[PDB]
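Breakdown of the fold
Residues per chain, in single letters:
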Amino acid sequence: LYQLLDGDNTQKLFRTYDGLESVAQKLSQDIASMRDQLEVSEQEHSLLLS
Amino acid sequence: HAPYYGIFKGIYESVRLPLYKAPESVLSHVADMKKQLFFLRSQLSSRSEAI
Amino acid sequence: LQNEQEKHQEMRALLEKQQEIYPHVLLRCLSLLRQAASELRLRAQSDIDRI
């Protein structure tokens, strides 16, 4: 699960459960942030069209 | 009362996976989320180029 | 639910295509009107009316 979330084979010598929850929160935040950017971009596009 | 219940409860809530779902679904779900992230990035890039 | 999600993705793809074509068509119309205003009304026709 940690490998799936961090992508980076950075052989972190010590994986913690708290670290796992943090990386999971980051993915959710990244998706939310990307959706917000897309929404902004959609507004920008709509303004240009208007 | 399982020792790791509190930690995984937190992980389920972070990835927005419902608590009633089977534990075998957690990795598949996270993989799909990553897939979605890639798709959203591609859409943003396409839209930014179009604008 | 799975079918409706697939339909959603298709509709979304179509919407994105239409949003890409529409502004270009508006720009072509604007370009034609600009030509009529600048080259015909302010220049060609104004000279004719004076003479």
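Residues numbered from 1 in each chain as written, not as in the entry; some residues may be left out. Chains lettered and ligands numbered in written order. Part of a larger assembly, values for the part shown. Heavy atoms only, no water.

Identification of chain B as HAUS augmin-like complex subunit 5 from Xenopus laevis is taken from the PDB entry.

Chain A is annotated in the PDB entry as HAUS augmin-like complex subunit 3 of Xenopus laevis.

Details of the overall build of chain A
Filter applied, for reference: Helix and strand definitions follow DSSP, with helices as H or I runs of at least four residues and strands as E runs of at least two, each counted in order from the N terminus. Between the two quantities, the radius of gyration covers C-alpha atoms and the globule rule is 2.2 Å times the number of residues to the power 0.38. The cut-offs for exposure are 20% and 50% of the maximum accessible area for each residue type, with area from a 1.4 Å probe on protein chains only; residues under the lower value are buried, those over the upper are exposed, and the others partly exposed. The accessible surface values rely on the Shrake-Rupley method and a 1.4 Å probe; as for residues, cover is taken only from the protein chains in view. For the purpose of counting charges, residues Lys and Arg are taken to be positive, whereas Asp and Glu are taken to be negative. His and the chain ends are not included. Where a charge lies is defined by one atom per residue type, namely NZ (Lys), CZ (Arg), CG (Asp) and CD (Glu).
When you go through chain A residue by residue, the secondary structure sums to 2 helices and 0 strands. The C-alpha atoms of chain A give a radius of gyration of 17 Å, which is well past the 10 Å a tight globule of 50 residues would have. Here the C-alpha coordinates of chain A stretch approximately 55 × 20 × 10 Å along the principal axes. The 50 residues of chain A split such that 26% are buried. Surface accessibility of chain A: about 3,800 Å² in total, with carbon and sulfur atoms responsible for 47%. The average position of the 4 basic charges and that of the 9 acidic charges among the side chains of chain A differ by 9 Å.

Thoughts on the interface of chain A and chain B
Where we set the bar: Residues count as neighbours in contact if any of their non-hydrogen atoms are within 4.5 Å of one another. The term buried area means the drop in 1.4 Å probe accessible area that two parts suffer when joined, counted for both and summed. By definition, a salt bridge exists where a carboxyl oxygen of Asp or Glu is found within 4 Å of a side-chain nitrogen of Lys or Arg. Pairing of N or O atoms within 3.5 Å defines a polar contact, subject to two protein rules: one partner must be a possible hydrogen donor and the other a possible acceptor, and residues neighboring in sequence count only if both atoms are side-chain atoms.
Each side of the interface is counted separately: chain A has 21 residues, and chain B has 22 residues. For the chain A and chain B pair, buried surface summed over both sides reaches about 2,200 Å², with 74% attributable to carbon and sulfur atoms. Counting every contact that joins chain A to chain B gives 0 salt bridges. Linking chain A with chain B are 4 residue pairs in polar contact. Within the residue set of the side of chain A that touches chain B, elements represented by two or more residues are α1 (2-6) and α2 (17-49) of chain A. If one sorts the elements of the side of chain A that touches chain B by residue count, α2 of chain A sits on top with 17 residues.

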